[PDB]
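**Student:** Data: query_35.cif, mmCIF, C-alpha atoms.
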data_work
#
loop_
_atom_site.label_atom_id
_atom_site.label_comp_id
_atom_site.auth_asym_id
_atom_site.auth_seq_id
_atom_site.Cartn_x
_atom_site.Cartn_y
_atom_site.Cartn_z
CA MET A 3 5.03 12.39 -9.64
CA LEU A 4 8.30 11.20 -11.21
CA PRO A 5 9.53 12.56 -14.60
CA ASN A 6 8.57 10.91 -17.93
CA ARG A 7 12.14 9.82 -18.76
CA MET A 8 14.90 9.01 -16.24
CA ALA A 9 18.39 7.59 -15.74
CA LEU A 10 20.42 6.23 -12.81
CA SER A 11 23.98 7.24 -11.83
CA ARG A 12 27.04 5.73 -13.57
CA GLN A 13 27.96 4.06 -10.25
CA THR A 14 24.48 2.48 -9.91
CA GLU A 15 24.83 0.89 -13.38
CA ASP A 16 28.39 -0.20 -12.42
CA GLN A 17 26.94 -1.86 -9.29
CA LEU A 18 24.41 -3.59 -11.57
CA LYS A 19 27.36 -4.79 -13.69
CA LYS A 20 28.85 -6.37 -10.54
CA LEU A 21 25.51 -8.01 -9.58
CA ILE A 27 17.65 -10.23 -15.89
CA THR A 28 16.94 -6.87 -17.54
CA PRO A 29 18.10 -3.60 -15.85
CA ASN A 30 14.56 -2.16 -15.52
CA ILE A 31 13.26 -5.23 -13.65
CA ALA A 32 16.45 -5.08 -11.54
CA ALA A 33 15.61 -1.40 -10.85
CA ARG A 34 12.17 -2.49 -9.58
CA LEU A 35 13.42 -5.29 -7.31
CA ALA A 36 16.35 -3.23 -5.97
CA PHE A 37 14.03 -0.27 -5.27
CA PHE A 38 11.70 -2.36 -3.09
CA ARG A 39 14.60 -4.16 -1.37
CA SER A 40 16.07 -0.78 -0.37
CA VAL A 41 12.75 0.77 0.74
CA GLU A 42 12.02 -2.18 3.06
CA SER A 43 15.41 -1.52 4.70
CA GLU A 44 16.32 1.41 6.99
CA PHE A 45 18.08 3.43 4.24
CA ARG A 46 16.68 6.88 3.40
CA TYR A 47 17.52 9.55 0.77
CA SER A 48 19.80 12.41 1.86
CA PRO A 49 20.52 15.59 -0.19
CA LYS A 54 23.47 13.10 -7.39
CA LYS A 55 24.14 13.73 -11.09
CA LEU A 56 22.33 10.90 -12.88
CA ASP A 57 24.73 10.48 -15.80
CA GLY A 58 23.93 6.86 -16.73
CA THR A 59 23.99 5.65 -20.34
CA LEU A 60 20.58 3.97 -19.90
CA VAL A 61 17.82 6.58 -20.16
CA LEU A 62 14.34 5.02 -20.24
CA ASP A 63 10.65 5.96 -20.15
CA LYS A 64 9.00 5.99 -16.69
CA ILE A 65 6.67 3.21 -17.93
CA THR A 66 9.69 1.18 -19.13
CA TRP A 67 11.61 1.59 -15.84
CA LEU A 68 8.79 0.91 -13.38
CA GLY A 69 6.07 -0.96 -15.29
CA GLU A 70 3.20 -1.87 -12.96
CA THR A 71 5.26 -0.91 -9.90
CA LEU A 72 4.80 2.72 -11.07
CA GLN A 73 1.89 3.49 -8.69
CA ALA A 74 3.62 1.77 -5.77
CA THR A 75 6.97 3.52 -6.36
CA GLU A 76 5.42 7.02 -6.43
CA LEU A 77 3.20 6.18 -3.46
CA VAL A 78 6.14 4.99 -1.34
CA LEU A 79 8.16 8.07 -2.36
CA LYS A 80 5.17 10.17 -1.26
CA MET A 81 5.03 8.30 2.07
CA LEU A 82 8.75 8.22 2.90
CA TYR A 83 9.40 11.78 1.75
CA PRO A 84 6.29 14.05 1.97
CA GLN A 85 8.72 17.01 2.08
CA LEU A 86 10.23 16.51 -1.40
CA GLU A 87 8.71 18.00 -4.53
CA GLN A 88 9.13 16.18 -7.88
CA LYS A 89 12.63 17.57 -8.75
CA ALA A 90 14.38 15.51 -6.03
CA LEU A 91 12.06 12.47 -6.33
CA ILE A 92 14.18 11.12 -9.21
CA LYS A 93 17.16 11.55 -6.87
CA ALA A 94 15.45 9.59 -4.08
CA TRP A 95 14.34 6.81 -6.46
CA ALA A 96 17.84 6.37 -7.94
CA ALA A 97 19.40 6.39 -4.45
CA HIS A 98 17.09 3.54 -3.40
CA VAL A 99 17.93 1.54 -6.55
CA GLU A 100 21.66 2.08 -5.81
CA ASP A 101 21.29 1.04 -2.16
CA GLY A 102 19.08 -1.90 -3.24
CA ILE A 103 21.56 -3.33 -5.77
CA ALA A 104 24.25 -2.90 -3.08
CA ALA A 105 22.07 -5.00 -0.73
CA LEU A 106 21.74 -7.75 -3.38
CA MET B 3 -5.07 6.16 -14.16
CA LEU B 4 -8.50 7.30 -12.90
CA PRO B 5 -10.06 10.05 -15.10
CA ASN B 6 -9.63 13.75 -14.23
CA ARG B 7 -13.33 14.62 -13.83
CA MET B 8 -15.61 12.04 -12.20
CA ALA B 9 -19.10 11.44 -10.81
CA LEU B 10 -20.95 8.81 -8.80
CA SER B 11 -24.52 7.65 -9.48
CA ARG B 12 -27.57 9.71 -8.42
CA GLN B 13 -28.30 7.17 -5.63
CA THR B 14 -24.72 7.09 -4.29
CA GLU B 15 -24.18 10.88 -4.22
CA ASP B 16 -27.53 11.15 -2.40
CA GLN B 17 -26.41 8.55 0.21
CA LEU B 18 -23.15 10.51 0.42
CA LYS B 19 -24.98 13.75 1.27
CA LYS B 20 -26.94 11.88 3.97
CA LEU B 21 -23.82 11.01 5.98
CA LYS B 22 -23.78 14.19 8.02
CA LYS B 23 -22.11 13.36 11.34
CA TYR B 24 -19.56 11.01 12.94
CA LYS B 26 -19.77 17.78 10.26
CA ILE B 27 -19.28 15.48 7.22
CA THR B 28 -19.03 16.77 3.62
CA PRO B 29 -19.82 14.67 0.42
CA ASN B 30 -16.25 14.30 -0.96
CA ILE B 31 -14.94 13.35 2.52
CA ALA B 32 -17.88 10.93 2.96
CA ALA B 33 -16.76 9.35 -0.35
CA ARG B 34 -13.17 8.91 0.91
CA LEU B 35 -14.34 7.35 4.18
CA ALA B 36 -16.72 5.10 2.19
CA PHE B 37 -14.06 3.98 -0.29
CA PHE B 38 -11.59 3.04 2.47
CA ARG B 39 -14.36 1.34 4.53
CA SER B 40 -15.35 -0.80 1.52
CA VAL B 41 -11.73 -1.64 0.63
CA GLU B 42 -11.10 -2.79 4.22
CA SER B 43 -14.16 -5.04 3.83
CA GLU B 44 -14.31 -8.29 1.83
CA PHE B 45 -16.38 -6.60 -0.90
CA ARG B 46 -14.81 -6.66 -4.36
CA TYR B 47 -16.16 -5.05 -7.53
CA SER B 48 -17.72 -7.30 -10.16
CA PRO B 49 -17.69 -5.58 -13.60
CA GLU B 50 -20.63 -7.69 -14.79
CA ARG B 51 -23.02 -7.27 -11.84
CA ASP B 52 -21.84 -4.11 -10.01
CA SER B 53 -21.33 -1.62 -12.87
CA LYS B 54 -23.74 1.31 -13.02
CA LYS B 55 -24.14 4.44 -15.16
CA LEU B 56 -22.58 7.39 -13.33
CA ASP B 57 -25.47 9.82 -13.77
CA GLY B 58 -24.78 11.91 -10.66
CA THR B 59 -25.24 15.68 -10.51
CA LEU B 60 -21.97 16.22 -8.62
CA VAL B 61 -18.99 15.99 -10.99
CA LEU B 62 -15.62 17.03 -9.52
CA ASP B 63 -11.85 16.87 -10.07
CA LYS B 64 -9.98 13.68 -9.09
CA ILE B 65 -8.00 15.81 -6.61
CA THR B 66 -11.27 17.31 -5.29
CA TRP B 67 -12.85 13.89 -4.71
CA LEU B 68 -9.88 11.98 -3.30
CA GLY B 69 -7.65 14.68 -1.76
CA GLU B 70 -4.70 13.17 0.12
CA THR B 71 -6.08 9.63 -0.50
CA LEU B 72 -5.41 9.99 -4.28
CA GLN B 73 -2.23 7.87 -4.75
CA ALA B 74 -3.45 5.16 -2.34
CA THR B 75 -6.90 5.00 -4.02
CA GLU B 76 -5.31 4.57 -7.46
CA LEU B 77 -2.91 1.89 -6.15
CA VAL B 78 -5.68 -0.14 -4.47
CA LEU B 79 -7.95 0.10 -7.55
CA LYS B 80 -4.94 -1.05 -9.59
CA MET B 81 -3.95 -4.01 -7.36
CA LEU B 82 -7.50 -5.32 -6.95
CA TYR B 83 -8.48 -4.71 -10.60
CA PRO B 84 -5.41 -4.93 -12.92
CA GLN B 85 -7.67 -5.73 -15.90
CA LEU B 86 -9.73 -2.50 -15.89
CA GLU B 87 -8.76 0.67 -17.73
CA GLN B 88 -9.87 4.22 -16.76
CA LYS B 89 -13.35 3.61 -18.26
CA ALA B 90 -14.35 0.88 -15.78
CA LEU B 91 -11.96 2.17 -13.07
CA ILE B 92 -14.36 4.99 -12.07
CA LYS B 93 -17.04 2.27 -11.94
CA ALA B 94 -14.83 0.20 -9.60
CA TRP B 95 -14.30 3.26 -7.38
CA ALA B 96 -18.05 4.09 -7.44
CA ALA B 97 -18.94 0.53 -6.39
CA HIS B 98 -16.71 0.76 -3.31
CA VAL B 99 -18.14 4.19 -2.45
CA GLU B 100 -21.70 2.76 -2.70
CA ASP B 101 -20.80 -0.34 -0.64
CA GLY B 102 -18.90 1.71 1.95
CA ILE B 103 -21.58 4.37 2.47
CA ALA B 104 -24.10 1.52 2.95
CA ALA B 105 -21.72 0.09 5.57
CA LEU B 106 -21.27 3.48 7.29
CA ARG B 107 -25.05 3.82 7.95
CA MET C 3 -1.86 -14.66 8.99
CA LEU C 4 0.48 -16.91 6.99
CA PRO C 5 1.72 -20.00 8.89
CA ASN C 6 5.15 -19.83 10.56
CA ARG C 7 6.53 -22.76 8.51
CA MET C 8 5.88 -23.06 4.74
CA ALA C 9 7.06 -24.93 1.62
CA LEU C 10 6.58 -24.72 -2.17
CA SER C 11 6.04 -27.55 -4.67
CA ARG C 12 8.92 -29.70 -6.03
CA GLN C 13 8.66 -28.03 -9.47
CA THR C 14 8.55 -24.39 -8.28
CA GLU C 15 11.49 -25.09 -5.97
CA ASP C 16 13.36 -26.66 -8.94
CA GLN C 17 12.68 -23.54 -11.05
CA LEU C 18 13.85 -21.29 -8.20
CA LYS C 19 17.07 -23.31 -7.84
CA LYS C 20 17.73 -22.96 -11.58
CA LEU C 21 17.61 -19.15 -11.14
CA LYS C 22 21.10 -18.89 -9.64
CA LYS C 23 22.62 -15.76 -11.22
CA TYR C 24 21.84 -12.04 -11.80
CA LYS C 26 24.67 -15.67 -6.54
CA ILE C 27 20.91 -15.96 -5.89
CA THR C 28 19.40 -17.99 -3.03
CA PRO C 29 15.95 -19.72 -3.56
CA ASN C 30 14.14 -17.61 -0.91
CA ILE C 31 15.44 -14.35 -2.44
CA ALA C 32 14.28 -15.76 -5.80
CA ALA C 33 10.88 -16.46 -4.19
CA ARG C 34 10.64 -12.80 -3.10
CA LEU C 35 11.49 -11.72 -6.67
CA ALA C 36 9.05 -14.24 -8.22
CA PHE C 37 6.13 -13.36 -5.93
CA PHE C 38 6.60 -9.68 -6.81
CA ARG C 39 7.12 -10.30 -10.56
CA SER C 40 3.81 -12.21 -10.54
CA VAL C 41 1.91 -9.73 -8.33
CA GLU C 42 3.13 -6.83 -10.49
CA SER C 43 1.73 -8.84 -13.44
CA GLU C 44 -1.99 -9.57 -14.05
CA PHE C 45 -1.85 -13.15 -12.68
CA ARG C 46 -4.33 -14.15 -9.94
CA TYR C 47 -4.71 -17.45 -8.04
CA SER C 48 -7.48 -19.92 -8.87
CA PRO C 49 -7.90 -23.19 -6.88
CA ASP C 57 5.83 -31.40 -1.92
CA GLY C 58 8.98 -29.23 -1.95
CA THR C 59 11.94 -30.28 0.19
CA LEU C 60 12.62 -26.80 1.61
CA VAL C 61 10.36 -26.12 4.59
CA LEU C 62 11.41 -22.76 6.06
CA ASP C 63 10.36 -20.05 8.52
CA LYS C 64 8.06 -17.26 7.26
CA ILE C 65 10.91 -14.85 8.10
CA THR C 66 13.44 -16.97 6.13
CA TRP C 67 11.29 -16.94 2.98
CA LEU C 68 10.07 -13.36 2.98
CA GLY C 69 12.51 -11.34 5.13
CA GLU C 70 11.81 -7.63 4.64
CA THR C 71 9.04 -8.55 2.15
CA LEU C 72 7.03 -10.22 4.99
CA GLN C 73 4.45 -7.52 5.80
CA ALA C 74 4.26 -6.43 2.14
CA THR C 75 3.55 -10.03 1.00
CA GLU C 76 0.79 -10.50 3.59
CA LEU C 77 -0.88 -7.14 2.89
CA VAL C 78 -0.85 -7.93 -0.85
CA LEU C 79 -2.36 -11.39 -0.26
CA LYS C 80 -4.91 -9.84 2.13
CA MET C 81 -5.97 -7.26 -0.46
CA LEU C 82 -6.10 -9.74 -3.36
CA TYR C 83 -7.67 -12.63 -1.40
CA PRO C 84 -9.75 -11.46 1.60
CA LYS C 89 -5.24 -20.53 5.38
CA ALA C 90 -5.26 -21.54 1.67
CA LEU C 91 -3.03 -18.42 1.42
CA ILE C 92 0.06 -20.67 1.18
CA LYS C 93 -1.39 -22.13 -2.03
CA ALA C 94 -1.82 -18.55 -3.31
CA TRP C 95 1.75 -17.54 -2.35
CA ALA C 96 3.12 -20.74 -3.96
CA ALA C 97 1.04 -20.10 -7.11
CA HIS C 98 2.41 -16.55 -7.37
CA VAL C 99 5.97 -17.79 -6.81
CA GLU C 100 5.14 -20.39 -9.51
CA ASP C 101 3.93 -17.72 -11.98
CA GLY C 102 6.80 -15.28 -11.32
CA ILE C 103 9.74 -17.71 -11.57
CA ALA C 104 8.73 -18.68 -15.14
CA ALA C 105 8.85 -15.06 -16.40
CA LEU D 4 3.05 -4.52 17.31
CA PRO D 5 1.52 -5.22 20.78
CA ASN D 6 -1.47 -7.62 21.07
CA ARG D 7 -3.44 -5.19 23.25
CA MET D 8 -3.47 -1.41 22.81
CA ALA D 9 -5.10 1.83 23.99
CA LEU D 10 -5.15 5.51 23.03
CA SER D 11 -4.51 8.36 25.47
CA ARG D 12 -7.31 9.73 27.70
CA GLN D 13 -6.93 12.98 25.72
CA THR D 14 -7.29 11.29 22.29
CA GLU D 15 -10.41 9.47 23.55
CA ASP D 16 -11.82 12.85 24.64
CA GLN D 17 -11.15 14.15 21.10
CA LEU D 18 -12.98 11.12 19.68
CA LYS D 19 -15.94 12.10 21.88
CA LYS D 20 -15.80 15.67 20.48
CA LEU D 21 -15.69 14.29 16.91
CA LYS D 22 -18.81 12.17 17.70
CA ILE D 27 -19.21 6.26 14.00
CA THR D 28 -17.72 3.43 16.12
CA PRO D 29 -14.36 4.00 17.95
CA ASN D 30 -12.25 1.34 16.14
CA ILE D 31 -13.32 2.15 12.55
CA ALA D 32 -12.97 5.84 13.45
CA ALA D 33 -9.41 5.05 14.64
CA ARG D 34 -8.61 3.37 11.29
CA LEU D 35 -10.03 6.28 9.27
CA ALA D 36 -8.14 8.78 11.46
CA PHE D 37 -4.86 6.83 11.21
CA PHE D 38 -4.85 6.59 7.38
CA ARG D 39 -6.03 10.21 7.08
CA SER D 40 -3.02 11.23 9.20
CA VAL D 41 -0.46 8.97 7.54
CA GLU D 42 -1.33 10.25 4.04
CA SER D 43 -0.70 13.79 5.34
CA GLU D 44 2.63 15.43 6.26
CA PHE D 45 2.38 14.52 9.97
CA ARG D 46 5.05 12.17 11.30
CA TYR D 47 5.50 10.78 14.83
CA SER D 48 8.15 12.44 17.01
CA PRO D 49 9.21 11.38 20.56
CA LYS D 54 1.91 10.34 24.73
CA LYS D 55 1.45 7.98 27.71
CA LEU D 56 -1.46 5.73 26.72
CA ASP D 57 -3.85 6.00 29.67
CA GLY D 58 -7.06 5.26 27.76
CA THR D 59 -10.09 3.58 29.33
CA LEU D 60 -10.70 1.54 26.18
CA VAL D 61 -8.09 -1.22 25.93
CA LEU D 62 -8.72 -3.56 22.99
CA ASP D 63 -7.13 -6.31 20.91
CA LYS D 64 -4.92 -5.24 18.01
CA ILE D 65 -7.39 -7.29 15.89
CA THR D 66 -10.35 -5.34 17.36
CA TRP D 67 -8.71 -1.95 16.69
CA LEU D 68 -7.34 -2.55 13.20
CA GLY D 69 -9.44 -5.41 11.81
CA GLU D 70 -8.60 -5.85 8.14
CA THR D 71 -6.41 -2.72 8.22
CA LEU D 72 -3.92 -4.64 10.42
CA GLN D 73 -1.37 -5.58 7.74
CA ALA D 74 -1.58 -2.15 6.07
CA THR D 75 -1.14 -0.38 9.44
CA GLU D 76 1.95 -2.41 10.42
CA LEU D 77 3.39 -2.07 6.88
CA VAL D 78 3.07 1.73 6.93
CA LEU D 79 4.50 1.89 10.49
CA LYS D 80 7.45 -0.30 9.43
CA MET D 81 8.05 1.85 6.33
CA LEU D 82 7.81 5.21 8.11
CA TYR D 83 9.63 4.09 11.28
CA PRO D 84 11.90 1.07 10.40
CA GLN D 85 14.09 1.74 13.46
CA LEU D 86 11.38 1.29 16.15
CA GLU D 87 10.50 -1.87 18.05
CA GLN D 88 6.88 -2.42 19.28
CA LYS D 89 7.24 -0.31 22.46
CA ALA D 90 7.40 2.97 20.52
CA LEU D 91 5.29 1.58 17.63
CA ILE D 92 2.12 1.81 19.79
CA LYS D 93 3.08 5.45 20.44
CA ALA D 94 3.57 6.11 16.71
CA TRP D 95 0.14 4.57 15.96
CA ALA D 96 -1.50 6.57 18.76
CA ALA D 97 0.07 9.81 17.51
CA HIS D 98 -1.22 9.15 13.98
CA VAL D 99 -4.71 8.37 15.33
CA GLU D 100 -4.66 11.55 17.49
CA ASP D 101 -3.44 13.72 14.60
CA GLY D 102 -6.02 12.06 12.35
CA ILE D 103 -8.95 12.96 14.61
CA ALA D 104 -7.56 16.52 14.79
CA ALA D 105 -7.49 16.67 10.96
CA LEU D 106 -11.00 15.22 10.63
CA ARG D 107 -12.33 17.67 13.23
CA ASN D 108 -10.77 20.65 11.46
CA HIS D 109 -11.23 19.61 7.79
#
Could you render the structure as structure tokens?
**Tutor:**
Amino acid sequence: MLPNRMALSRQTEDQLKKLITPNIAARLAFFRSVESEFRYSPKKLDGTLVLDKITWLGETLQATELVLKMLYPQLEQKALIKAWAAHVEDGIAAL
Amino acid sequence: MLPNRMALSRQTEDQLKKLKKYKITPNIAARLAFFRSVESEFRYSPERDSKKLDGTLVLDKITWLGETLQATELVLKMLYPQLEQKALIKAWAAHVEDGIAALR
Amino acid sequence: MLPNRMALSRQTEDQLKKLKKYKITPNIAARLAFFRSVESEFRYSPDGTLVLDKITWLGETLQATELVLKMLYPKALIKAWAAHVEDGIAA
Amino acid sequence: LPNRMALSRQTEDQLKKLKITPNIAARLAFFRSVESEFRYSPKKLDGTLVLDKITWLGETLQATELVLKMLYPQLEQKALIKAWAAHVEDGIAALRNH
């Protein structure tokens, strides 16, 4: 499970600036990054855009949490937000 | 998005108890049946497949599905994006019924 | 299970080509549109210039696209992919 | 992603100890394993039963290759058979021991 409300890093939103609504972009960048070889490695998510989990992910909610469960069965919820945001960051970088 | 406590129908939970070997327990039989039905061509029809879930065995979502939980809820979502929780258990129950039929 | 070479319709391709920014290539747009549609509630019910390899269209989304289509529609699959690309590019 | 594949002689012996049909059992065991915490780590596939990829996986084919790609995006087919076989082996072990 991911938290109810979440934000990305200030760099991730800066990368988005360089690159549509941000939440949709966060969905497409997430899946782009996951399908690559990039994986989360243990960070302060100080973005201005804080949104509801439902608002961020939409219908990709189930898929996102499932993939996070698959790729990182070790991580408990606390660092899942970290992994999600790292994939969005890597994903936007790929696009 | 599936409800926390859930049951199958009297017929289905009986069929589930009958699958004994490949040894086999009801909740596990249900997981094997759900996956087996999903990997078939069978798809739930809300009009002609929906039953009343009047089974004796009511359990937690976690208890029923175990490790298959996230994947079960994703499949039920992808195949049936129209249905809310109410008819979602019915969609799950239909695959369990179809699958257990297929497994014996 | 999808054919190695595939093309969309003239209209869908036109809509894809219009989606240029937020530096976008049509096939990338097709990956975005398929997923925007699939993530929605839209389901398929039964002459583009760009005929491309399955790998060119889908890339990393290849196996994901085919599993999704397999789950939703257990060929005429190309018509389903094109219809989802059609639905997604509009939104 | 090879067209033909086999398990190890050992894994086939485990299938025998589990007791319904080998290929479906392999699919159930695989997905049971892959939803757990077990992950493949580099075994020689000397099984008597060599079958088509289609025969083994059936409709689970696309899901199997998707999960394998996701969990091991570095590997080419050669070690992908090994990853699949490890997940099937682990799966049977999990099903045998609840």
**Student:** To one decimal place, how far is CA of residue 73 (chain D) from CA of residue 105 (chain A) in Å?
**Tutor:**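 Value for the CA of residue 73 (chain D)-CA of residue 105 (chain A) distance: 24.9 Å.
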**Student:** What does the distance from CA of residue 82 (chain C) to CA of residue 38 (chain A) come to in Å, to one decimal?
**Tutor:**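 Separation between CA of residue 82 (chain C) and CA of residue 38 (chain A): 19.3 Å.
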**Student:** Return as an mmCIF file with C-alpha atoms, keeping the file's coordinate frame the residues belonging to chain A that are within 12 Å of chain D, counting all atoms listed in the file.
**Tutor:**
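Writing the result to part35.cif gives the following:
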data_model
loop_
_atom_site.group_PDB
_atom_site.id
_atom_site.type_symbol
_atom_site.label_atom_id
_atom_site.label_comp_id
_atom_site.auth_asym_id
_atom_site.auth_seq_id
_atom_site.Cartn_x
_atom_site.Cartn_y
_atom_site.Cartn_z
ATOM 1 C CA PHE A 38 11.700 -2.360 -3.090
ATOM 2 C CA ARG A 39 14.600 -4.160 -1.370
ATOM 3 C CA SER A 40 16.070 -0.780 -0.370
ATOM 4 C CA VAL A 41 12.750 0.770 0.740
ATOM 5 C CA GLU A 42 12.020 -2.180 3.060
ATOM 6 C CA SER A 43 15.410 -1.520 4.700
ATOM 7 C CA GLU A 44 16.320 1.410 6.990
ATOM 8 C CA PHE A 45 18.080 3.430 4.240
ATOM 9 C CA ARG A 46 16.680 6.880 3.400
ATOM 10 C CA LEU A 77 3.200 6.180 -3.460
ATOM 11 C CA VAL A 78 6.140 4.990 -1.340
ATOM 12 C CA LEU A 79 8.160 8.070 -2.360
ATOM 13 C CA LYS A 80 5.170 10.170 -1.260
ATOM 14 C CA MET A 81 5.030 8.300 2.070
ATOM 15 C CA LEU A 82 8.750 8.220 2.900
ATOM 16 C CA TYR A 83 9.400 11.780 1.750
ATOM 17 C CA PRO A 84 6.290 14.050 1.970
ATOM 18 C CA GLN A 85 8.720 17.010 2.080
ATOM 19 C CA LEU A 86 10.230 16.510 -1.400
#
**Student:** So that I can check the surroundings of region 42-64 of chain C, please list as a PyMOL selection string every protein, DNA and RNA residue that reaches within 7 Å of it, counting only C-alpha atoms and ignoring chain neighbours fewer than 4 positions away.
**Tutor:** (chain A and resi 70-71) or (chain B and resi 84) or (chain C and resi 6-12+15+38+68+94+97)
**Student:** Restricting it to C-alpha atoms, dump the selection as a PDB file, in the coordinates of the input.
**Tutor:**
ATOM      1  CA  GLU A  70       3.200  -1.870 -12.960  1.00  0.00           C
ATOM      2  CA  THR A  71       5.260  -0.910  -9.900  1.00  0.00           C
TER       3      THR A  71
ATOM      4  CA  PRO B  84      -5.410  -4.930 -12.920  1.00  0.00           C
TER       5      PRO B  84
ATOM      6  CA  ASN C   6       5.150 -19.830  10.560  1.00  0.00           C
ATOM      7  CA  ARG C   7       6.530 -22.760   8.510  1.00  0.00           C
ATOM      8  CA  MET C   8       5.880 -23.060   4.740  1.00  0.00           C
ATOM      9  CA  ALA C   9       7.060 -24.930   1.620  1.00  0.00           C
ATOM     10  CA  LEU C  10       6.580 -24.720  -2.170  1.00  0.00           C
ATOM     11  CA  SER C  11       6.040 -27.550  -4.670  1.00  0.00           C
ATOM     12  CA  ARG C  12       8.920 -29.700  -6.030  1.00  0.00           C
ATOM     13  CA  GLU C  15      11.490 -25.090  -5.970  1.00  0.00           C
ATOM     14  CA  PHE C  38       6.600  -9.680  -6.810  1.00  0.00           C
ATOM     15  CA  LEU C  68      10.070 -13.360   2.980  1.00  0.00           C
ATOM     16  CA  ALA C  94      -1.820 -18.550  -3.310  1.00  0.00           C
ATOM     17  CA  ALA C  97       1.040 -20.100  -7.110  1.00  0.00           C
TER      18      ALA C  97
END
**Student:** So, counting all atoms listed in the file, which residue among B:102, B:5, B:49, B:69 is closest to residue 31 (chain B)?
**Tutor:** B:69
**Student:** List the neighbours of residue 5 (chain D) out to 12 Å using all atoms listed in the file; skip same-chain residues closer than 6 positions along the sequence, and give me the result as an MDAnalysis selection string.
**Tutor:** chainID D and resid 61:65 67:68 72 76 87:93 95
**Student:** Given the file shown, enumerate the residues that the PyMOL selection byres ((chain C) within 12 of (chain D)) captures and present them as a list in words.
**Tutor:**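 Taken on the displayed file, the PyMOL selection byres ((chain C) within 12 of (chain D)) yields the residues residues 3, 4, 70, 71, 72, 73, 74, 75, 76, 77, 78, 79, 80, 81, 83 and 84 of chain C.
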**Student:** Evaluate the PyMOL selection byres ((chain A) within 8 of (chain B)) here and jot the selected residues down as a PyMOL selection string.
**Tutor:** chain A and resi 73-74+76-77
**Student:** Enter the distance from CA of residue 65 (chain C) to CA of residue 31 (chain C), in Å, rounded to one decimal.
**Tutor:**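 Value for the CA of residue 65 (chain C)-CA of residue 31 (chain C) distance: 11.5 Å.
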**Student:** Using all atoms listed in the file, what table do you get, as JSON lines, when you list each residue of chain B with an atom no more than 10 Å from chain D, its nearest pair of atoms, and their distance in Å rounded to one decimal, rows by chain then rising number?
**Tutor:**
{"residue": "B:23", "atom": "CA", "partner": "D:22", "partner_atom": "CA", "distance": 7.3}
{"residue": "B:24", "atom": "CA", "partner": "D:27", "partner_atom": "CA", "distance": 4.9}
{"residue": "B:26", "atom": "CA", "partner": "D:107", "partner_atom": "CA", "distance": 8.0}
{"residue": "B:27", "atom": "CA", "partner": "D:106", "partner_atom": "CA", "distance": 9.0}
{"residue": "B:28", "atom": "CA", "partner": "D:109", "partner_atom": "CA", "distance": 9.3}
{"residue": "B:31", "atom": "CA", "partner": "D:109", "partner_atom": "CA", "distance": 9.0}
{"residue": "B:34", "atom": "CA", "partner": "D:35", "partner_atom": "CA", "distance": 9.3}
{"residue": "B:35", "atom": "CA", "partner": "D:35", "partner_atom": "CA", "distance": 6.8}
{"residue": "B:36", "atom": "CA", "partner": "D:35", "partner_atom": "CA", "distance": 9.8}
{"residue": "B:38", "atom": "CA", "partner": "D:35", "partner_atom": "CA", "distance": 7.7}
{"residue": "B:39", "atom": "CA", "partner": "D:35", "partner_atom": "CA", "distance": 8.1}
{"residue": "B:41", "atom": "CA", "partner": "D:70", "partner_atom": "CA", "distance": 9.2}
{"residue": "B:42", "atom": "CA", "partner": "D:70", "partner_atom": "CA", "distance": 5.6}
{"residue": "B:43", "atom": "CA", "partner": "D:70", "partner_atom": "CA", "distance": 7.1}
{"residue": "B:44", "atom": "CA", "partner": "D:70", "partner_atom": "CA", "distance": 8.9}
{"residue": "B:69", "atom": "CA", "partner": "D:42", "partner_atom": "CA", "distance": 9.7}
{"residue": "B:70", "atom": "CA", "partner": "D:42", "partner_atom": "CA", "distance": 5.9}
{"residue": "B:71", "atom": "CA", "partner": "D:42", "partner_atom": "CA", "distance": 6.6}
{"residue": "B:72", "atom": "CA", "partner": "D:42", "partner_atom": "CA", "distance": 9.3}
{"residue": "B:73", "atom": "CA", "partner": "D:42", "partner_atom": "CA", "distance": 9.2}
{"residue": "B:74", "atom": "CA", "partner": "D:42", "partner_atom": "CA", "distance": 8.4}
{"residue": "B:106", "atom": "CA", "partner": "D:27", "partner_atom": "CA", "distance": 7.5}
{"residue": "B:107", "atom": "CA", "partner": "D:27", "partner_atom": "CA", "distance": 8.8}
**Student:** Using all atoms listed in the file, find the one residue out of C:96, C:91, C:41, C:104 that sits nearest to residue 82 (chain B).
**Tutor:**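 Once distances to residue 82 (chain B) are computed over all atoms listed in the file, the minimum belongs to C:41.
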**Student:** With the file shown as input, list the residues that the PyMOL selection byres ((chain A and resi 101) around 9) selects, as a ChimeraX atom specification.
**Tutor:** /A:14,36-37,39-40,45,96-100,102-106
**Student:** Neighbourhood query: residues within 9 Å of (12.9, 10.5, -13.4), file coordinates, counting all atoms listed in the file; return as a PyMOL selection string.
**Tutor:** chain A and resi 3-10+62-64+88-89+91-93+95-96
**Student:** Pick out the residues sitting within 6 Å of residue 10 (chain D), and hand them over as a PyMOL selection string; count only C-alpha atoms, and ignore anything fewer than 2 positions along from it in its own chain.
**Tutor:** chain D and resi 56+58+96
**Student:** Taking all atoms listed in the file into account, name the residue in C:21, C:69, C:93, C:29 that is nearest to residue 105 (chain C).
**Tutor:**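 For residue 105 (chain C), the nearest of the given residues is C:21.
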**Student:** Just checking: using only C-alpha atoms, which residue out of C:28, C:40, C:17, C:35 ends up closest to chain B?
**Tutor:**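 Comparing C:28, C:40, C:17, C:35 against chain B, the winner is C:40.
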**Student:** Give me the residues near residue 60 (chain B) as a list in words, where near means some atom within 8 Å (using all atoms listed in the file) and where sequence neighbours in that chain fewer than 3 positions away do not count.
**Tutor:**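 The residues satisfying every condition are residues 9, 10 and 15 of chain B.
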